[PDB]
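See below for entry_22.tsv, which holds TSV, C-alpha atoms and all ligand atoms.
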```
chain	number	residue	atom	x	y	z
A	1	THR	CA	97.04	83.74	102.39
A	2	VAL	CA	95.96	85.69	105.46
A	3	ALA	CA	92.62	87.44	104.93
A	4	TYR	CA	91.27	89.93	107.46
A	5	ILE	CA	87.49	90.02	107.77
A	6	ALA	CA	85.42	92.70	109.49
A	7	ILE	CA	82.36	91.48	111.37
A	8	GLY	CA	79.52	93.76	112.32
A	9	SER	CA	76.06	93.27	113.78
A	10	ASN	CA	73.44	95.80	114.87
A	11	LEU	CA	70.99	93.30	116.35
A	12	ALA	CA	69.75	94.41	119.80
A	13	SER	CA	71.34	91.30	121.33
A	14	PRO	CA	73.98	90.38	118.72
A	15	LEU	CA	76.19	87.84	120.53
A	16	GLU	CA	74.46	84.70	119.25
A	17	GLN	CA	74.41	85.95	115.65
A	18	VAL	CA	78.08	86.93	115.82
A	19	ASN	CA	79.07	83.55	117.25
A	20	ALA	CA	77.05	81.73	114.59
A	21	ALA	CA	78.87	83.78	111.96
A	22	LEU	CA	82.26	83.08	113.53
A	23	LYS	CA	81.58	79.35	113.58
A	24	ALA	CA	80.53	79.51	109.93
A	25	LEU	CA	83.72	81.39	109.00
A	26	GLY	CA	85.73	78.55	110.51
A	27	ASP	CA	83.80	76.08	108.34
A	28	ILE	CA	84.75	77.76	105.06
A	29	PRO	CA	86.60	75.28	102.78
A	30	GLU	CA	90.39	75.51	102.37
A	31	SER	CA	90.44	77.95	105.29
A	32	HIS	CA	90.75	78.26	109.06
A	33	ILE	CA	90.57	80.98	111.69
A	34	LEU	CA	93.95	82.10	113.03
A	35	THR	CA	92.70	84.63	115.57
A	36	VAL	CA	89.64	86.67	116.55
A	37	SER	CA	89.66	90.16	118.06
A	38	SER	CA	87.64	91.27	121.04
A	39	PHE	CA	84.14	92.58	120.39
A	40	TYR	CA	83.85	96.37	120.22
A	41	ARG	CA	80.83	98.60	120.82
A	42	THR	CA	79.94	101.63	118.67
A	43	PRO	CA	76.84	103.78	119.22
A	44	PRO	CA	74.24	103.87	116.38
A	45	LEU	CA	74.43	106.37	113.52
A	46	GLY	CA	72.39	109.57	113.78
A	47	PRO	CA	69.13	108.62	115.55
A	48	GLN	CA	69.69	107.11	119.00
A	49	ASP	CA	66.81	104.72	118.34
A	50	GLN	CA	69.04	102.07	116.79
A	51	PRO	CA	71.01	99.47	118.80
A	52	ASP	CA	74.76	99.74	119.25
A	53	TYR	CA	76.94	98.03	116.64
A	54	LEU	CA	79.14	95.09	117.63
A	55	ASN	CA	82.35	95.15	115.61
A	56	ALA	CA	85.21	92.67	115.38
A	57	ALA	CA	88.06	91.47	113.18
A	58	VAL	CA	89.02	87.93	112.19
A	59	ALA	CA	92.28	86.67	110.73
A	60	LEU	CA	91.51	83.82	108.32
A	61	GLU	CA	94.18	81.68	106.65
A	62	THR	CA	92.83	80.59	103.27
A	63	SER	CA	93.93	79.11	99.96
A	64	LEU	CA	90.74	80.34	98.28
A	65	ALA	CA	90.83	83.08	95.65
A	66	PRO	CA	89.51	86.45	96.90
A	67	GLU	CA	86.20	86.25	95.05
A	68	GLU	CA	85.75	82.64	96.20
A	69	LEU	CA	86.10	83.87	99.79
A	70	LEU	CA	83.55	86.60	99.05
A	71	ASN	CA	81.12	83.96	97.79
A	72	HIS	CA	81.38	82.25	101.17
A	73	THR	CA	81.05	85.39	103.29
A	74	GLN	CA	78.03	86.40	101.21
A	75	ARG	CA	76.54	82.92	101.63
A	76	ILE	CA	76.97	83.23	105.40
A	77	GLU	CA	75.18	86.59	105.35
A	78	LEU	CA	72.29	84.98	103.44
A	79	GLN	CA	72.18	81.97	105.77
A	80	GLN	CA	72.82	83.55	109.19
A	81	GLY	CA	72.45	87.26	108.57
A	82	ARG	CA	68.76	87.53	109.31
A	83	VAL	CA	67.00	86.75	112.55
A	84	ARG	CA	63.45	85.54	112.86
A	85	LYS	CA	61.13	87.80	114.78
A	86	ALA	CA	57.65	86.79	115.95
A	87	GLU	CA	55.90	86.29	112.61
A	88	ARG	CA	58.56	87.63	110.24
A	89	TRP	CA	62.21	87.31	109.31
A	90	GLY	CA	64.10	90.51	110.01
A	91	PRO	CA	66.39	92.35	107.57
A	92	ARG	CA	70.10	91.64	107.24
A	93	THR	CA	71.81	92.56	110.50
A	94	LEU	CA	75.12	90.79	109.86
A	95	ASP	CA	77.88	92.34	107.78
A	96	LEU	CA	80.99	90.46	106.66
A	97	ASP	CA	83.53	92.60	104.78
A	98	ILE	CA	86.96	91.64	103.49
A	99	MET	CA	89.31	94.31	104.84
A	100	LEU	CA	92.56	92.90	103.47
A	101	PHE	CA	93.58	89.85	101.48
A	102	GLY	CA	97.25	89.15	102.03
A	103	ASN	CA	99.24	91.89	100.35
A	104	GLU	CA	96.86	92.05	97.39
A	105	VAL	CA	95.20	95.06	95.80
A	106	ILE	CA	91.83	94.15	94.29
A	107	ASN	CA	89.61	96.39	92.18
A	108	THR	CA	86.83	94.44	90.50
A	109	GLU	CA	83.11	94.87	90.07
A	110	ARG	CA	82.60	92.76	93.22
A	111	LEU	CA	85.67	93.56	95.30
A	112	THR	CA	87.54	96.61	96.49
A	113	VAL	CA	90.42	95.54	98.76
A	114	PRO	CA	91.71	97.10	100.95
A	115	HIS	CA	88.15	97.96	102.04
A	116	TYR	CA	87.42	101.41	100.60
A	117	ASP	CA	86.66	103.13	103.91
A	118	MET	CA	88.57	101.17	106.55
A	119	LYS	CA	91.09	103.97	107.19
A	120	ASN	CA	88.18	106.11	108.41
A	121	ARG	CA	86.72	103.51	110.76
A	122	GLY	CA	87.93	102.92	114.30
A	123	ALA	CA	85.37	100.10	114.35
A	124	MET	CA	87.65	98.34	111.85
A	125	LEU	CA	91.08	99.70	112.76
A	126	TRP	CA	90.98	99.08	116.51
A	127	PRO	CA	90.07	95.37	116.38
A	128	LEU	CA	92.56	94.91	113.52
A	129	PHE	CA	95.30	96.67	115.54
A	130	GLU	CA	94.58	94.36	118.47
A	131	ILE	CA	95.28	91.25	116.39
A	132	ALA	CA	97.86	92.66	113.96
A	133	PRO	CA	99.66	95.67	115.50
A	134	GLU	CA	102.53	95.49	112.98
A	135	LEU	CA	100.27	95.23	109.92
A	136	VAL	CA	101.39	96.92	106.70
A	137	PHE	CA	98.99	97.80	103.88
A	138	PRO	CA	99.76	96.89	100.24
A	139	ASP	CA	100.88	100.45	99.47
A	140	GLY	CA	103.24	100.59	102.43
A	141	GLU	CA	101.08	102.51	104.89
A	142	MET	CA	101.25	100.95	108.38
A	143	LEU	CA	98.15	100.31	110.48
A	144	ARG	CA	99.94	101.91	113.44
A	145	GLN	CA	100.59	104.98	111.28
A	146	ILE	CA	96.92	105.38	110.35
A	147	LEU	CA	95.84	105.19	114.01
A	148	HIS	CA	98.64	107.53	115.12
A	149	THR	CA	97.73	110.08	112.44
A	150	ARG	CA	93.97	110.15	113.09
A	151	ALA	CA	94.06	109.68	116.85
A	152	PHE	CA	90.64	108.00	116.86
A	153	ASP	CA	89.02	107.57	120.25
A	154	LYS	CA	89.35	104.03	121.59
A	155	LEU	CA	86.19	101.91	121.55
A	156	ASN	CA	84.70	100.14	124.55
A	157	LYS	CA	84.66	96.36	124.52
A	158	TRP	CA	81.21	94.80	124.30
B	201	LIG	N1	86.06	94.31	100.54
B	201	LIG	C1	84.78	93.94	100.32
B	201	LIG	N2	84.17	93.08	101.17
B	201	LIG	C2	82.89	92.77	100.94
B	201	LIG	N3	82.06	93.19	99.99
B	201	LIG	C3	82.68	94.04	99.16
B	201	LIG	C4	84.00	94.46	99.26
B	201	LIG	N4	84.34	95.35	98.24
B	201	LIG	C5	83.22	95.47	97.54
B	201	LIG	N5	82.20	94.71	98.04
B	201	LIG	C6	80.85	94.71	97.50
B	201	LIG	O1	80.01	95.46	98.38
B	201	LIG	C7	78.68	95.21	97.89
B	201	LIG	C8	77.67	95.71	98.90
B	201	LIG	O2	77.89	95.04	100.17
B	201	LIG	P1	77.10	95.62	101.43
B	201	LIG	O3	77.42	94.64	102.52
B	201	LIG	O4	75.67	95.81	101.12
B	201	LIG	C9	77.88	97.20	101.78
B	201	LIG	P2	78.08	97.50	103.53
B	201	LIG	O5	79.14	96.56	104.04
B	201	LIG	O6	76.74	97.51	104.18
B	201	LIG	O7	78.73	98.94	103.63
B	201	LIG	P3	80.31	99.36	103.57
B	201	LIG	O8	80.90	98.81	102.29
B	201	LIG	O9	80.26	100.87	103.65
B	201	LIG	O10	81.01	98.77	104.77
B	201	LIG	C10	78.68	93.71	97.61
B	201	LIG	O11	77.77	93.31	96.63
B	201	LIG	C11	80.14	93.37	97.32
B	201	LIG	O12	80.31	92.93	95.97
B	202	CL	CL	87.04	98.70	127.14
B	203	MG	MG	80.37	96.98	105.80
B	204	MG	MG	79.28	94.46	103.62
```

When written as structure tokens, how does the structure in this file appear?
Ligand SMILES: Nc1ncnc2c1ncn2[C@@H]1O[C@H](COP(=O)(O)CP(=O)(O)OP(=O)(O)O)[C@@H](O)[C@H]1O
Ligand SMILES: [Cl-]
Ligand SMILES: [Mg+2]
Ligand SMILES: [Mg+2]
Amino acid sequence: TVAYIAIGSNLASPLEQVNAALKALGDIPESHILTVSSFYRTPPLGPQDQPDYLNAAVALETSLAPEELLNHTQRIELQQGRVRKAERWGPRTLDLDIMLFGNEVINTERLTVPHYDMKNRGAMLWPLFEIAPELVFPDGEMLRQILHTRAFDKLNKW
């Protein structure tokens, strides 16, 4: 099954964390990376104080069940999602979300797939469109259609 995973980091200098996460994704059992999108920059929410967000999309071929994959992405967030500062570990700065899982619709306590808000997020749709321009959602909506309808501004690469 082809799973699409959204990667985000709002660390001030996020490249090393993102690469560590990408490597870890490739190490997930019964799985392997098919392709990785470019890295996209989005300004912080509200207050300009915060760092920009680095966003990307990964296509992962996997024979794991959806919630088994979530266990692994959540493990990676616990293991690599926080960065040590001088005398303290920082908060979680890495976010791994399952955008799509094959052509499956999932609605459990732990999982909502397709991701509940992805159709509102250029930070998700643009990197996904780069790696899967012909993508069709479970309900028959096309990724191209969503982008065409909303006419989101394009995001700058990192
Ligand atoms: N498609 C999906 N991918 C990942 N987690 C998901 C998910 N659908 C539901 N969840 C649930 O989302 C819960 C909260 O995850 P968080 O990472 O804290 C939300 P977030 O990603 O910061 O915001 P967002 O969901 O608005 O993108 C998890 O405990 C997980 O069970
Ligand atoms: Cl660009
Ligand atoms: Mg998220
Ligand atoms: Mg998340």

For range 42-51 of chain A, please output as JSON, numbers by chain all residues within 6 Å (counting all atoms listed in the file; exclusion window: fewer than 2 positions along the same chain).
{"A": [10, 12, 53]}

Please write out the residues within 7 Å of ligand CL 202 (chain B) as an mmCIF file with C-alpha atoms, in the coordinates of the input, counting all atoms listed in the file.
```cif
data_model
loop_
_atom_site.group_PDB
_atom_site.id
_atom_site.type_symbol
_atom_site.label_atom_id
_atom_site.label_comp_id
_atom_site.auth_asym_id
_atom_site.auth_seq_id
_atom_site.Cartn_x
_atom_site.Cartn_y
_atom_site.Cartn_z
ATOM 1 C CA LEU A 155 86.190 101.910 121.550
ATOM 2 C CA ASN A 156 84.700 100.140 124.550
ATOM 3 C CA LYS A 157 84.660 96.360 124.520
#
```

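The space between CA of residue 8 in chain A and atom MG of ligand MG 203 (chain B) spans 7.3 Å.
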
Give as a ChimeraX atom specification the residues surrounding ligand MG 204 (chain B) up to a distance of 9 Å, considering all atoms listed in the file.
/A:6-8,74,94-98

May I have the residues within 7 Å of residue 58 in chain A as a ChimeraX atom specification, using all atoms listed in the file and disregarding those fewer than 5 positions away in the same chain?
/A:4-6,35-37

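What separates CA of residue 9 in chain A from CA of residue 41 in chain A is a distance of 10.0 Å.
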
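Using all atoms listed in the file, the nearest neighbour of residue 149 in chain A within the list A:128, A:21, A:119, A:55 is A:119.
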
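Using only C-alpha atoms and all ligand atoms, we find that the residues with an atom at most 7 Å from any atom of ligand LIG 201 (chain B) are residues 70, 95, 96, 97, 98, 99, 109, 110, 111, 112, 113, 114, 115 and 117 of chain A.
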
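Distances to residue 16 in chain A were evaluated for A:83, A:130, A:31, A:108 using only C-alpha atoms, and the minimum falls at A:83.
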
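Closest approach to ligand MG 203 (chain B) among A:92, A:148, A:85, A:23 is made by A:92 (distances from only C-alpha atoms and all ligand atoms).
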
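Distance annotation: of A:116, A:151, A:102, A:158, the residue with the minimal separation from residue 136 in chain A is A:102; atom set is all atoms listed in the file.
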
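For the residues A:141, A:153, A:77, A:87, ranking by smallest atom-to-atom distance to ligand MG 203 (chain B) using only C-alpha atoms and all ligand atoms places A:77 first.
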
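Considering all atoms listed in the file, the residue among A:20, A:25, A:118, A:106 positioned nearest to residue 138 in chain A is A:106.
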
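Coordinates place CA of residue 22 in chain A at a distance of 23.2 Å from CA of residue 103 in chain A.
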
Can you tell me, as JSON, the centre and edge lengths (Å, one decimal) of the axis-aligned box enclosing all of range 22-30 of chain A's listed atoms after padding each side by 8 Å?
```
{"center_x": 85.5, "center_y": 79.2, "center_z": 108.0, "size_x": 25.9, "size_y": 23.8, "size_z": 27.2}
```

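Residues in contact with residue 28 in chain A at 9 Å, where only C-alpha atoms are counted and same-chain residues fewer than 5 positions away are skipped, are listed as residues 62, 69, 72 and 73 of chain A.
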
Using the partial input, fill out range 42-78 of chain A with N, CA and C atoms; write the result as a PDB file, keeping the file's coordinate frame.
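The file below, out.pdb, is the result:
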```pdb
ATOM      1  N   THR A  42      80.042 100.277 119.226  1.00  0.00           N
ATOM      2  CA  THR A  42      79.940 101.630 118.670  1.00  0.00           C
ATOM      3  C   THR A  42      78.484 102.067 118.674  1.00  0.00           C
ATOM      4  N   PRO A  43      78.205 103.243 119.242  1.00  0.00           N
ATOM      5  CA  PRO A  43      76.840 103.780 119.220  1.00  0.00           C
ATOM      6  C   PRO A  43      76.270 103.873 117.803  1.00  0.00           C
ATOM      7  N   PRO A  44      74.936 103.836 117.675  1.00  0.00           N
ATOM      8  CA  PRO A  44      74.240 103.870 116.380  1.00  0.00           C
ATOM      9  C   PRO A  44      74.517 105.173 115.637  1.00  0.00           C
ATOM     10  N   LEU A  45      74.275 105.172 114.329  1.00  0.00           N
ATOM     11  CA  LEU A  45      74.430 106.370 113.520  1.00  0.00           C
ATOM     12  C   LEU A  45      73.216 107.280 113.649  1.00  0.00           C
ATOM     13  N   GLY A  46      73.460 108.585 113.716  1.00  0.00           N
ATOM     14  CA  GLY A  46      72.390 109.570 113.780  1.00  0.00           C
ATOM     15  C   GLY A  46      71.415 109.338 114.918  1.00  0.00           C
ATOM     16  N   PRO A  47      70.184 108.924 114.577  1.00  0.00           N
ATOM     17  CA  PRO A  47      69.130 108.620 115.550  1.00  0.00           C
ATOM     18  C   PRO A  47      69.603 107.647 116.619  1.00  0.00           C
ATOM     19  N   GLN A  48      69.287 107.946 117.877  1.00  0.00           N
ATOM     20  CA  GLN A  48      69.690 107.110 119.000  1.00  0.00           C
ATOM     21  C   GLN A  48      68.793 105.888 119.137  1.00  0.00           C
ATOM     22  N   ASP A  49      67.780 105.810 118.282  1.00  0.00           N
ATOM     23  CA  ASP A  49      66.810 104.720 118.340  1.00  0.00           C
ATOM     24  C   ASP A  49      67.479 103.371 118.126  1.00  0.00           C
ATOM     25  N   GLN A  50      68.389 103.315 117.160  1.00  0.00           N
ATOM     26  CA  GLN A  50      69.040 102.070 116.790  1.00  0.00           C
ATOM     27  C   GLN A  50      69.923 101.494 117.893  1.00  0.00           C
ATOM     28  N   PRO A  51      70.105 100.165 117.882  1.00  0.00           N
ATOM     29  CA  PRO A  51      71.010  99.470 118.800  1.00  0.00           C
ATOM     30  C   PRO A  51      72.457  99.824 118.509  1.00  0.00           C
ATOM     31  N   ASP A  52      73.332  99.589 119.478  1.00  0.00           N
ATOM     32  CA  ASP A  52      74.760  99.740 119.250  1.00  0.00           C
ATOM     33  C   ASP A  52      75.215  98.698 118.233  1.00  0.00           C
ATOM     34  N   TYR A  53      76.335  98.973 117.576  1.00  0.00           N
ATOM     35  CA  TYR A  53      76.940  98.030 116.640  1.00  0.00           C
ATOM     36  C   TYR A  53      78.065  97.244 117.305  1.00  0.00           C
ATOM     37  N   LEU A  54      78.034  95.921 117.173  1.00  0.00           N
ATOM     38  CA  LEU A  54      79.140  95.090 117.630  1.00  0.00           C
ATOM     39  C   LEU A  54      80.066  94.908 116.442  1.00  0.00           C
ATOM     40  N   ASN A  55      81.342  95.225 116.654  1.00  0.00           N
ATOM     41  CA  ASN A  55      82.350  95.150 115.610  1.00  0.00           C
ATOM     42  C   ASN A  55      83.516  94.270 116.022  1.00  0.00           C
ATOM     43  N   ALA A  56      84.038  93.491 115.084  1.00  0.00           N
ATOM     44  CA  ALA A  56      85.210  92.670 115.380  1.00  0.00           C
ATOM     45  C   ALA A  56      86.011  92.418 114.116  1.00  0.00           C
ATOM     46  N   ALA A  57      87.183  91.814 114.290  1.00  0.00           N
ATOM     47  CA  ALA A  57      88.060  91.470 113.180  1.00  0.00           C
ATOM     48  C   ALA A  57      88.523  90.028 113.321  1.00  0.00           C
ATOM     49  N   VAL A  58      88.588  89.318 112.201  1.00  0.00           N
ATOM     50  CA  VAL A  58      89.020  87.930 112.190  1.00  0.00           C
ATOM     51  C   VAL A  58      90.157  87.747 111.208  1.00  0.00           C
ATOM     52  N   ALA A  59      91.211  87.056 111.635  1.00  0.00           N
ATOM     53  CA  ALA A  59      92.280  86.670 110.730  1.00  0.00           C
ATOM     54  C   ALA A  59      92.001  85.257 110.241  1.00  0.00           C
ATOM     55  N   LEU A  60      91.837  85.105 108.928  1.00  0.00           N
ATOM     56  CA  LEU A  60      91.510  83.820 108.320  1.00  0.00           C
ATOM     57  C   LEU A  60      92.598  83.392 107.343  1.00  0.00           C
ATOM     58  N   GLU A  61      93.244  82.258 107.609  1.00  0.00           N
ATOM     59  CA  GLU A  61      94.180  81.680 106.650  1.00  0.00           C
ATOM     60  C   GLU A  61      93.377  80.919 105.600  1.00  0.00           C
ATOM     61  N   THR A  62      93.626  81.202 104.327  1.00  0.00           N
ATOM     62  CA  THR A  62      92.830  80.590 103.270  1.00  0.00           C
ATOM     63  C   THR A  62      93.641  80.378 102.003  1.00  0.00           C
ATOM     64  N   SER A  63      93.337  79.307 101.279  1.00  0.00           N
ATOM     65  CA  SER A  63      93.930  79.110  99.960  1.00  0.00           C
ATOM     66  C   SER A  63      92.917  79.428  98.859  1.00  0.00           C
ATOM     67  N   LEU A  64      91.745  79.919  99.252  1.00  0.00           N
ATOM     68  CA  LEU A  64      90.740  80.340  98.280  1.00  0.00           C
ATOM     69  C   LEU A  64      91.178  81.612  97.566  1.00  0.00           C
ATOM     70  N   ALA A  65      90.677  81.808  96.351  1.00  0.00           N
ATOM     71  CA  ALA A  65      90.830  83.080  95.650  1.00  0.00           C
ATOM     72  C   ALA A  65      89.934  84.095  96.347  1.00  0.00           C
ATOM     73  N   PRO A  66      90.252  85.390  96.207  1.00  0.00           N
ATOM     74  CA  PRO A  66      89.510  86.450  96.900  1.00  0.00           C
ATOM     75  C   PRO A  66      88.009  86.411  96.625  1.00  0.00           C
ATOM     76  N   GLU A  67      87.616  86.237  95.368  1.00  0.00           N
ATOM     77  CA  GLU A  67      86.200  86.250  95.050  1.00  0.00           C
ATOM     78  C   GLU A  67      85.499  84.963  95.494  1.00  0.00           C
ATOM     79  N   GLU A  68      86.261  83.878  95.612  1.00  0.00           N
ATOM     80  CA  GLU A  68      85.750  82.640  96.200  1.00  0.00           C
ATOM     81  C   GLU A  68      85.456  82.839  97.692  1.00  0.00           C
ATOM     82  N   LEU A  69      86.345  83.538  98.389  1.00  0.00           N
ATOM     83  CA  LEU A  69      86.100  83.870  99.790  1.00  0.00           C
ATOM     84  C   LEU A  69      84.862  84.751  99.920  1.00  0.00           C
ATOM     85  N   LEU A  70      84.715  85.722  99.023  1.00  0.00           N
ATOM     86  CA  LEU A  70      83.550  86.600  99.050  1.00  0.00           C
ATOM     87  C   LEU A  70      82.258  85.802  98.859  1.00  0.00           C
ATOM     88  N   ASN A  71      82.285  84.818  97.966  1.00  0.00           N
ATOM     89  CA  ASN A  71      81.120  83.960  97.790  1.00  0.00           C
ATOM     90  C   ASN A  71      80.703  83.352  99.114  1.00  0.00           C
ATOM     91  N   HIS A  72      81.683  82.890  99.885  1.00  0.00           N
ATOM     92  CA  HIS A  72      81.380  82.250 101.170  1.00  0.00           C
ATOM     93  C   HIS A  72      80.886  83.239 102.225  1.00  0.00           C
ATOM     94  N   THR A  73      81.516  84.404 102.320  1.00  0.00           N
ATOM     95  CA  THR A  73      81.050  85.390 103.290  1.00  0.00           C
ATOM     96  C   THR A  73      79.641  85.856 102.936  1.00  0.00           C
ATOM     97  N   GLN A  74      79.358  85.976 101.640  1.00  0.00           N
ATOM     98  CA  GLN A  74      78.030  86.400 101.210  1.00  0.00           C
ATOM     99  C   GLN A  74      76.994  85.305 101.457  1.00  0.00           C
ATOM    100  N   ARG A  75      77.396  84.050 101.274  1.00  0.00           N
ATOM    101  CA  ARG A  75      76.540  82.920 101.630  1.00  0.00           C
ATOM    102  C   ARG A  75      76.194  82.950 103.116  1.00  0.00           C
ATOM    103  N   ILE A  76      77.195  83.187 103.956  1.00  0.00           N
ATOM    104  CA  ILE A  76      76.970  83.230 105.400  1.00  0.00           C
ATOM    105  C   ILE A  76      76.004  84.367 105.767  1.00  0.00           C
ATOM    106  N   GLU A  77      76.126  85.513 105.103  1.00  0.00           N
ATOM    107  CA  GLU A  77      75.180  86.590 105.350  1.00  0.00           C
ATOM    108  C   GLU A  77      73.755  86.166 104.984  1.00  0.00           C
ATOM    109  N   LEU A  78      73.606  85.468 103.861  1.00  0.00           N
ATOM    110  CA  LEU A  78      72.290  84.980 103.440  1.00  0.00           C
ATOM    111  C   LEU A  78      71.736  83.925 104.401  1.00  0.00           C
TER     112      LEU A  78
END
```
